[PDB]
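**Student:** From the sequence below, what's the structure:
(chains A, B, C, D, E and F, ligands or ions: 17)
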Amino acid sequence: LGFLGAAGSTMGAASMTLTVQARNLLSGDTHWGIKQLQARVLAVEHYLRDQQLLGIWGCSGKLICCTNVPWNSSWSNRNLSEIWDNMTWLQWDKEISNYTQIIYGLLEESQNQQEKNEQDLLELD
Amino acid sequence: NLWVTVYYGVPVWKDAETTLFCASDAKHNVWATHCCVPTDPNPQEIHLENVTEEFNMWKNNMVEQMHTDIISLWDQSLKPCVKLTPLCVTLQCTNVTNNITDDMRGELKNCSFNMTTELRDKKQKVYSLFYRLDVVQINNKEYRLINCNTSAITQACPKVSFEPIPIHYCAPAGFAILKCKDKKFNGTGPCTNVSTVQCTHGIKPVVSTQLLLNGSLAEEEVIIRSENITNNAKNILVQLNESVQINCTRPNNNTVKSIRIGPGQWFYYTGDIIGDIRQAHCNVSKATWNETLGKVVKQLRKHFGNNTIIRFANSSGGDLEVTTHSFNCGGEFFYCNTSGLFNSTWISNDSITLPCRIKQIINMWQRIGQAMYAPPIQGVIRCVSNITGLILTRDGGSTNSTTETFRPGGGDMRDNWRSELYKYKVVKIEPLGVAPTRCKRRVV
Amino acid sequence: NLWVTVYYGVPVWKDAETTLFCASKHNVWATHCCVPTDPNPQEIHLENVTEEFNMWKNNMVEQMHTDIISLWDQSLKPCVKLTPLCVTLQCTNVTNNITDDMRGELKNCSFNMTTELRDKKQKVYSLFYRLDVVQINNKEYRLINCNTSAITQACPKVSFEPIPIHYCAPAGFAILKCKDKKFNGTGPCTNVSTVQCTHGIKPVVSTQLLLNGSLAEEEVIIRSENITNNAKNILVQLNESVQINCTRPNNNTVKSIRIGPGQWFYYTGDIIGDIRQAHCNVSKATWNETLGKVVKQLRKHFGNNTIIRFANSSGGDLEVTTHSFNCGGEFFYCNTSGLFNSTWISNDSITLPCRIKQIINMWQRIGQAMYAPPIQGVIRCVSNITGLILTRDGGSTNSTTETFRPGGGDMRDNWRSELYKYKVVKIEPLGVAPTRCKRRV
Amino acid sequence: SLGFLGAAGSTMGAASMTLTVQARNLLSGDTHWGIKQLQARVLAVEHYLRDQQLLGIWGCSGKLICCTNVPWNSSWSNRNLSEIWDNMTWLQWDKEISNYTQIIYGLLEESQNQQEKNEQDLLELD
Amino acid sequence: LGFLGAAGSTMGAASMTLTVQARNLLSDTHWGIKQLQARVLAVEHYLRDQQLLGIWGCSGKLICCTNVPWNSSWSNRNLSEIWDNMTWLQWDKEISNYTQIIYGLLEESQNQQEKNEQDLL
Amino acid sequence: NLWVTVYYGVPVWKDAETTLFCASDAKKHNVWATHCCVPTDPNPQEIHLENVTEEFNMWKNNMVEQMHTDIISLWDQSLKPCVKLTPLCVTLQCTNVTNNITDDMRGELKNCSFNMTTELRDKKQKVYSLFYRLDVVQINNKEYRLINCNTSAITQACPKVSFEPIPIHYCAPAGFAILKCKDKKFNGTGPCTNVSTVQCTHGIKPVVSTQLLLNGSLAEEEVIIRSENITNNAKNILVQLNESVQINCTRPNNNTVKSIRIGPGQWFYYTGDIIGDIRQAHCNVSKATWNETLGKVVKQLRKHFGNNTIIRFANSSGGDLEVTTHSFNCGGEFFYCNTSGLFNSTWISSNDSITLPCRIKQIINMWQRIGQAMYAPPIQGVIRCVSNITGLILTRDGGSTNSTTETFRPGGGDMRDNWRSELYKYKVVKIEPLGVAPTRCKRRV
Ligand SMILES: *[C@@H]1O[C@H](CO)[C@@H](O[C@@H]2O[C@H](CO)[C@@H](O[C@@H]3O[C@H](CO[C@H]4O[C@H](CO)[C@@H](O)[C@H](O)[C@@H]4O)[C@@H](O)[C@H](O[C@H]4O[C@H](CO)[C@@H](O)[C@H](O)[C@@H]4O)[C@@H]3O)[C@H](O)[C@H]2NC(C)=O)[C@H](O)[C@H]1NC(C)=O
Ligand SMILES: *[C@@H]1O[C@H](CO)[C@@H](O[C@@H]2O[C@H](CO)[C@@H](O[C@@H]3O[C@H](CO[C@H]4O[C@H](CO)[C@@H](O)[C@H](O)[C@@H]4O)[C@@H](O)[C@H](O[C@H]4O[C@H](CO)[C@@H](O)[C@H](O)[C@@H]4O)[C@@H]3O)[C@H](O)[C@H]2NC(C)=O)[C@H](O)[C@H]1NC(C)=O
Ligand SMILES: *[C@@H]1O[C@H](CO)[C@@H](O[C@@H]2O[C@H](CO)[C@@H](O)[C@H](O)[C@H]2NC(C)=O)[C@H](O)[C@H]1NC(C)=O
Ligand SMILES: *[C@@H]1O[C@H](CO)[C@@H](O)[C@H](O)[C@H]1NC(C)=O
Ligand SMILES: *[C@@H]1O[C@H](CO)[C@@H](O)[C@H](O)[C@H]1NC(C)=O
Ligand SMILES: *[C@@H]1O[C@H](CO)[C@@H](O)[C@H](O)[C@H]1NC(C)=O
Ligand SMILES: *[C@@H]1O[C@H](CO)[C@@H](O)[C@H](O)[C@H]1NC(C)=O
Ligand SMILES: *[C@@H]1O[C@H](CO)[C@@H](O)[C@H](O)[C@H]1NC(C)=O
Ligand SMILES: *[C@@H]1O[C@H](CO)[C@@H](O)[C@H](O)[C@H]1NC(C)=O
Ligand SMILES: *[C@@H]1O[C@H](CO)[C@@H](O)[C@H](O)[C@H]1NC(C)=O
Ligand SMILES: *[C@@H]1O[C@H](CO)[C@@H](O)[C@H](O)[C@H]1NC(C)=O
Ligand SMILES: *[C@@H]1O[C@H](CO)[C@@H](O)[C@H](O)[C@H]1NC(C)=O
Ligand SMILES: *[C@@H]1O[C@H](CO)[C@@H](O)[C@H](O)[C@H]1NC(C)=O
Ligand SMILES: *[C@@H]1O[C@H](CO)[C@@H](O)[C@H](O)[C@H]1NC(C)=O
Ligand SMILES: *[C@@H]1O[C@H](CO)[C@@H](O)[C@H](O)[C@H]1NC(C)=O
Ligand SMILES: *[C@@H]1O[C@H](CO)[C@@H](O)[C@H](O)[C@H]1NC(C)=O
Ligand SMILES: *[C@@H]1O[C@H](CO)[C@@H](O)[C@H](O)[C@H]1NC(C)=O
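**Tutor:** Residues are numbered from 1 along each chain as shown, chains lettered A, B, ... in the order given. Ligands and ions are numbered 1, 2, ... in the order given. Now the structure:
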């Protein structure tokens, strides 16, 4: 399908559309010219912020990444079978509201530790 | 077995506000000049399977942008044009008396004044006819133009066409336009048939005050949409599922003359008139009108009770711009009397002829401080247009008589675009998210 | 033995220039600085950091100058022009209810102005101050700027009252603060911290003496780019404020006319009651103690065996020789010679007369004249002196007696006071260092 | 954690654990005024991208800390390693050298070129 | 040697300058806008190239080997001609507008590889 | 047994339009320099490309189009803050200047008077001045108005602003490169084998003139004649000379310039009087040089027309002064010089400098646009300028009956042609870093 045809997709099914969603993110009177110029700049800023975060978390090389952060019961209490193919991703997303900063902080810290540990030992005399 | 996985490129979005740009493709038309992007929307439609969305037309920021953008284009288009400041002089006038019917007695005045010309040193005496609506007595009598005590007036440039053409609004990267596909949607429902486009439908900016012209029709039934049905002080936007054809003319054959005032600045004169003097008129089929209103009433009573009697009275007192049906017909500005359309009470072929007046000074968008002068148009004017909807208000002040009254409404023009784009929403794309996987990062 | 290793995100910076944005109802400042500031200062004190500051080279001063000029020019852009009024005036003196501290100061003028219709003229009467009117030669007069510049009426609905202004760094930049007690404006500073934005600095415009600014804290602090060089101004920051109560005592009437379609002109009309000169009241006791404190601090720069005298101002135009400020929206010019008479050898207030002027050539710029519409009623304000601009009279022959004269200068020096503590730097995330490891291959 | 540049007083070694905060604060989050603001945003982006491009070129993309295959030259600096990492901050370090920037970058560019061409030959062989 | 210097060199030889080119791709209201528009476009083109290398799994390498088989239909020219005699300009003329075909194929190979790894982890 | 190999930083490009930025050197109030505040590099680069071929087409070149667009804009922006002369167009009363003038230049000037508004709105002042007849049109007793009064507002150019052309370098934005053809003898309408890449163009002065190309690039080997279509007689022929010819032009009379205030800081300048001799403006070009130069051009034309042809020169078609004469700016004044003295002879199968008269006018419809006008303040003192002719613009009459005799005449057209000549050797391309090729490697899985 095309962009967003995955809207009704389950979390499992949705994994096969990560490339259509990703490829469509980039690009397609004084006051008019400025407004459109501003819009283009903002699109770039949003793009870069997302890339920076994936970089920081160590998942910049993939559309799908396993992290070194455990899942918390304070975030959700559902089964793997409940979530995959028995859940539509759009709803899964509303269900994780307010957990964004918690999760990001954890991703940053676990990545900080992994890089540090590798520097101390794999690079060791 | 409890871990975190992260994804990029997930099909997720949030309600969002961004700036849209226009595009249109089909001479010196302002809309055509401005909306320079080619469109050609061949791949636009993507259906979203298993999607329900919340829409709310009354909070549509796109309406606000159209209002803003339309005014901006209008003003910009009039900047490189002739200023008529030099015409704020004492004007001497007498009555036009020749070949005038009763309906037009005193309507036109024969005026003259001392105008400047190319050299500062030279003056010229000129003559013109005016509609009484544009001229005020000073107090053989002396007059001034109505705008001179408030602001300078600018003459619109004759080559420039403001004729509305379909305009498509296109999203910037990172955004999408989401559309409701529900024939019974009243503007705020949780639509269960949703699709998206990158650029929307070509909707033309037709501007009017009592009834709505050249819009879309409802697919199956008349739909009555209001932000608060209960609130009497709201415009009710009624969309018809059938159009009503209306024919409207300006029967007098106008001679247009022009005089140079400045180095390249020219002013257009009304000249004189060929043919007996008559007022302007619009014609609506009586039977069609009666069927149309009855259809509205049935739906209206579904909201207000099917044992209710509904009176459709004419407009309330107020300024011409408020009480009449105002529209642009062939470049001319008409102010028509709609009382002839609202004289029935609903309980359990000839046309309707509506007299109309013409005014050349327009305080468009009700923004006081500026005025535009509409040059006279050579010959006669005829246009045909479709009534695709209307605006009503409740009169209120009920006595629990179960007899509601709905006079015609009015207001700014935001409601006009809200009606046409009631089905569209804008969202932002959000590519990142996580899930409760059982996979841990595999590390040394 | 050692290898090159590189890092990203290294906490270092370089001196740099950039554009700071402004952040905080018909007030020009409020309108422009529509962006709110965060409620949280977010200041990080740095440990083990010394930084070098130089207030005389702080480019933030230049930015503020540019920004203020822009706002004034923008603000007057949509206002009615008064060029239709550059006509010959017929004037006589106002002689009734005169105390003679203003004899001939105000004149009664009349003129034929254009009304909204071009073919109708009207006789109008008004009262003008001598400062705005010159003789052409019941004599023929003209406004002072009708031979040099266009005159624009400031819009009656727009306030220019200064509000605190905060400047904020763009991403990639940071602002460092000095905050070193008794710092003289230059060199290494050890009380350094990092901030996102400056505090709110109110852009009060004045000459000779600075009003409603920051204090010197514990001691009076005197700063100059060069102590010896008499070409430099001396910025004296007081450690306590001095209040001054200033008024325009006459009860005025405001009248207006249409000079065009939607074009209204405002004028002084009539005066209710009798005539009194504008004036400012300064406590002498406070003032005399204040000056002594200033001298005690000046002594560390010139020697404690030197005798000091304070002189009145030098010659120049009104904007140069008198103290100037905006009070109630009116423009006051005050004679401060009475404040600088004494010598220091090793309620009892003073009243300073003031003058009122309506046509203002702002910022020492010529070609853009602003007309100040009249204010009805009586004007009163109380302002705080927080510092002075002084110069050393110069001409010294090493006589051991020195004289300091009130100075003044470009508005940049006033902003230089509150911008004293701030510096902006660019962040440089990359760096290289030696280590033990070689890249794994 | 002190936050952005709170590491200014930290030793070079200690400061390595704050590289992430410094990275986070590099991205953001009247006709003339509008232009000035656009210029500011564009330049910030250009600087960000230039640093990322170079990390790519030098083969350290995705890392905050990267070992290279370029040996250290004592002509740039000849100091005790323990003094560098434990008794100096990064700001002091930068000031200590404030040189040889182009030399180092040239060495990094080439050592990456050597590594990628060697990988290409080996992979075509197997 | 220099920016786009060895333009006439063969495709194989040309590998020696690919880095110089990469390093040189990054840096009155009407005038100011023209310049901003130019800067923005340069950024957009740059990011699109990076995005493509990302989606194909080549973002970490200047020179990338992929698993997409070569189609003799696109070109039946020999490696002995392509790397040793032809230049990149000539080659591009002979790519005969099949670039987008290859892009679609590269994208599919990458999708398969990322999914397979995730199932294996 | 092949797969796809992906490369980044690939040395390929495409023809592409983009704008260039303007740069200038370190050498006031010069309009060009004021706009082009970006300095050029002290050390320019050029890389010759070995085993390179390219194609140039000067007739389809957006570099020229940009230069035109920007030069117009700059001109107009420069006049934005200058005093408008709107109040100046009042009934003008004139008599002819005949008492001090020789029969030559007699009748060129009129002595006119008018009542103009001064600093105060209540007053007018009586002003009289000298005018060229070309700026004044009769109304009908003697009664005149300014010639462009009934077309547009006239703005006085600001007297401090210099328009003297300075070399301008156009520089590529990142992602783009400028290619140039170094072939010693080519017409730039096709393939080139000596090609190099540069960051910026050679500086080109923004000289404005018609039917004659002044202070440009000189050909090095021979006269080179180029056109878009040789057989199309409706097109201009650009002739690039390989030897320059010096032309000495003057405005010989010593005037007096006066000025008045017409408003609050508004100054108007006009010619007050003339002291001494009154003579027509003129230009002097060596005859011998001209005949040899023209002969070289003819030899070059013969290469395209035949061994037995007859090459006739004649003057241009009649029409507006602006298209008919060799217009140019000399010392800041606008000259409209005769052409016929140089185009009379037919070529068959001290130095007697030719003197041509020049007209001068102060109201100019700049850039051949209608609806705008500028007034040239009078310039105080005697004016002399000496310049180099580096090229010519001619048309062929066509309508051939194969008589073998053909006529060439001076002619003009859009001023872009002047810049096409200077830019005939440059092209702009977009750099395209990605590409693919077949390989013997596959990824490890
Ligand atoms: C609802 O929708 C309808 C249908 O589109 C609109 O009706 C149209 O209104 C426009 C504007 O008045 C009409 O266009 C004008 O037609 C004039 C007459 O043209 C005749 O001859 C041509 C052939 O040459 C026929 O195609 C045409 O049907 C007529 O028989 C022209 O003279 C007008 O020209 C104007 O502009 C030119 C420059 O472009 C000037 O030189 C002219 O002097 C003049 O100013 C113009 O083209 C159009 O014909 C109507 N369509 C139909 C089917 O009748 C309604 O107006 C719209 N309602 C609302 C409220 O918007
Ligand atoms: C092709 O190229 C030639 C270059 O030689 C051009 O001819 C030159 O034109 C310029 C512009 O008018 C001349 O420069 C002017 O010269 C005037 C004469 O003064 C002479 O003596 C002084 C003594 O120091 C010299 O510096 C000066 O160069 C002259 O030799 C000056 O009075 C002018 O200054 C005034 O005008 C300028 C305008 O920019 C102002 O900036 C100044 O403040 C001042 O008001 C000016 O310097 C130059 O002299 C000419 N060269 C020759 C032959 O002498 C041709 O014009 C050009 N072709 C075309 C198409 O024009
Ligand atoms: C342009 O073509 C010439 C050949 O005409 C190239 O010369 C080669 O030089 C290398 C050494 O650097 C030799 O090993 C080759 O054998 C030469 N080629 C031939 C056919 O003899 C020259 O390198 C080419 N220039 C560029 C930039 O590629
Ligand atoms: C919507 O639901 C149907 C089952 O009724 C399913 O086959 C289809 O794939 C779903 N749509 C999407 C985008 O997954
Ligand atoms: C989950 O979050 C709570 C806070 O609500 C915290 O106390 C707990 O330690 C967290 N557990 C894990 C496994 O992260
Ligand atoms: C986030 O917190 C709010 C608090 O009111 C809650 O309503 C909402 O459901 C939460 N979102 C989640 C847990 O997805
Ligand atoms: C608006 O809607 C509410 C709920 O239906 C109703 O109570 C209210 O009366 C409405 N507005 C007014 C002013 O009637
Ligand atoms: C409605 O009709 C009445 C009947 O005379 C009239 O007075 C009134 O003005 C009409 N509408 C308006 C504008 O009030
Ligand atoms: C008016 O006032 C001036 C003060 O400048 C004085 O010189 C003059 O004599 C006065 N004239 C009259 C009428 O007394
Ligand atoms: C107004 O104009 C008349 C013209 O007769 C003149 O006498 C009178 O003095 C003028 N009045 C003023 C105040 O200038
Ligand atoms: C200030 O400048 C003068 C010269 O103008 C010099 O003699 C003196 O030493 C300078 N003093 C300082 C504080 O640098
Ligand atoms: C002078 O002052 C008295 C007292 O307020 C007042 O009654 C009188 O009218 C004033 N005279 C004039 C000319 O204003
Ligand atoms: C960098 O090298 C230059 C070469 O002379 C030197 O002047 C400069 O001081 C060096 N940088 C520092 C500050 O160490
Ligand atoms: C491919 O063609 C070239 C040139 O004709 C030839 O040298 C080569 O042997 C052919 N096949 C291969 C790859 O050997
Ligand atoms: C010019 O004007 C004078 C008036 O003195 C007249 O004698 C002469 O003939 C006129 N010349 C022409 C050709 O207009
Ligand atoms: C233009 O060139 C073509 C050859 O490409 C030629 O056939 C044609 O006749 C030329 N046009 C004219 C008017 O000679
Ligand atoms: C005659 O024509 C030939 C080409 O056929 C040319 O090479 C030769 O130079 C010409 N000779 C003359 C005298 O024009």
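**Student:** Can the lengthiest helix in chain A be said to contact chain F?
**Tutor:** Using DSSP state H, we find that the single longest helix of chain A is helix A:30-57. No. Shown here: helix A:30-57 not in contact with chain F (C-beta under 8 Å from any C-beta of the partner chain), separated by at least 13.9 Å. Just so you know, the C-beta spots here come from the backbone N, C-alpha and C atoms, and that holds for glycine as well.
**Student:** what's that helix packed up against?
**Tutor:** Secondary-structure packing of helix A:30-57 (3 or more C-beta pairs under 8 Å, 6 or more residues apart in numbering or on different chains; DSSP states H and E): strand A:64-70, helix A:100-121, strand B:3-8, strand B:21-23, strand B:432-437, helix D:19-24, helix D:31-57, helix E:29-56.
**Student:** ok and the residue in chain A nearest ligand 2?
**Tutor:** Residue of chain A nearest ligand 2, by C-beta to the nearest ligand atom: residue A:30 (32.3 Å).
**Student:** of all of chain A, which residue lies closest to ligand 4?
**Tutor:** Counting by C-beta to the nearest ligand atom, chain A gets nearest ligand 4 through residue A:8, at 3.4 Å.
**Student:** OK, contacts around the residue nearest to that residue when sequence neighbours are not counted?
**Tutor:** Using C-beta to C-beta, 6 or more residues apart in numbering or on different chains and skipping residues adjacent in sequence, the residue nearest residue A:8 is residue B:50, 3.2 Å away. Each residue near residue B:50 by C-beta atoms under 8 Å, 6 or more residues apart in numbering or on different chains is listed here: A:7-8, A:88.
**Student:** go with 10 Å
**Tutor:** Each residue near residue B:50 by C-beta atoms under 10 Å, 6 or more residues apart in numbering or on different chains is listed here: A:7-10, A:88, A:90, B:192, B:194.
**Student:** of those, list those near ligand 6.
**Tutor:** Within the set of those, contact with ligand 6 (C-beta under 6 Å from any ligand atom) is found for no member.
**Student:** Work out the gap between stretch A:34-43 and the centre of the chain.
**Tutor:** 24 Å (C-alpha atoms, centre = their mean, to the nearest Å).
**Student:** Repeat that for stretch A:80-90.
**Tutor:** 17 Å.
**Student:** hmm, it in reach of ligand 4?
**Tutor:** No. Stretch A:80-90 stays clear of ligand 4 (C-beta under 6 Å from any ligand atom), getting no nearer than 7.9 Å.
**Student:** Show the end-to-end separation of that stretch, please.
**Tutor:** Counting by C-alpha to C-alpha, to the nearest Å, you get 17 Å between the two ends of stretch A:80-90.
**Student:** what does stretch A:118-125 give?
**Tutor:** 13 Å.
**Student:** got it, and stretch A:70-88?
**Tutor:** 22 Å.
**Student:** now stretch A:81-90
**Tutor:** End-to-end for stretch A:81-90, by C-alpha to C-alpha: 17 Å.
**Student:** now swap in stretch A:22-38 and tell me
**Tutor:** For stretch A:22-38, the end-to-end distance is 22 Å (C-alpha to C-alpha).
**Student:** Just give me how far that stretch sits from the chain centre.
**Tutor:** Worked out by C-alpha atoms, centre = their mean, stretch A:22-38 lies 24 Å from the chain centre.
**Student:** Same check on stretch A:32-45?
**Tutor:** On C-alpha atoms, centre = their mean, the centre of stretch A:32-45 falls 24 Å from that of its chain.
**Student:** repeat for stretch A:10-24
**Tutor:** That offset, for stretch A:10-24, works out to 12 Å (C-alpha atoms, centre = their mean).
**Student:** now stretch A:77-92
**Tutor:** Distance, centroid of stretch A:77-92 to centroid of chain: 17 Å (C-alpha atoms, centre = their mean).
**Student:** how far does it stretch from start to finish?
**Tutor:** End-to-end for stretch A:77-92, by C-alpha to C-alpha: 12 Å.
**Student:** so does that stretch get close to ligand 5?
**Tutor:** No. Counting by C-beta under 6 Å from any ligand atom, no contacts exist between stretch A:77-92 and ligand 5, the nearest distance being 11.5 Å.
**Student:** same deal with stretch A:104-115?
**Tutor:** No. Contact of stretch A:104-115 with ligand 5 (C-beta under 6 Å from any ligand atom) is absent, the minimum separation being 7.4 Å.
**Student:** hmm, back to that, and the angle from the longest helix of chain A to helix B:61-77?
**Tutor:** 140 degrees (axes from the mean of the first three to the mean of the last three C-alpha atoms, to 10 degrees).
**Student:** starting at the chain centroid, how far to helix A:30-57?
**Tutor:** 17 Å.
**Student:** What residue in chain A is the furthest from its centre?
**Tutor:** residue A:29 (38.2 Å; C-alpha atoms, centre = their mean).
**Student:** need the residues of chain A near ligand 12, please.
**Tutor:** So chain A never meets ligand 12 (C-beta under 6 Å from any ligand atom).
**Student:** Taking chain A, what residue is nearest to ligand 12?
**Tutor:** Closest point on chain A to ligand 12, by C-beta to the nearest ligand atom, is residue A:31, at 53.3 Å.
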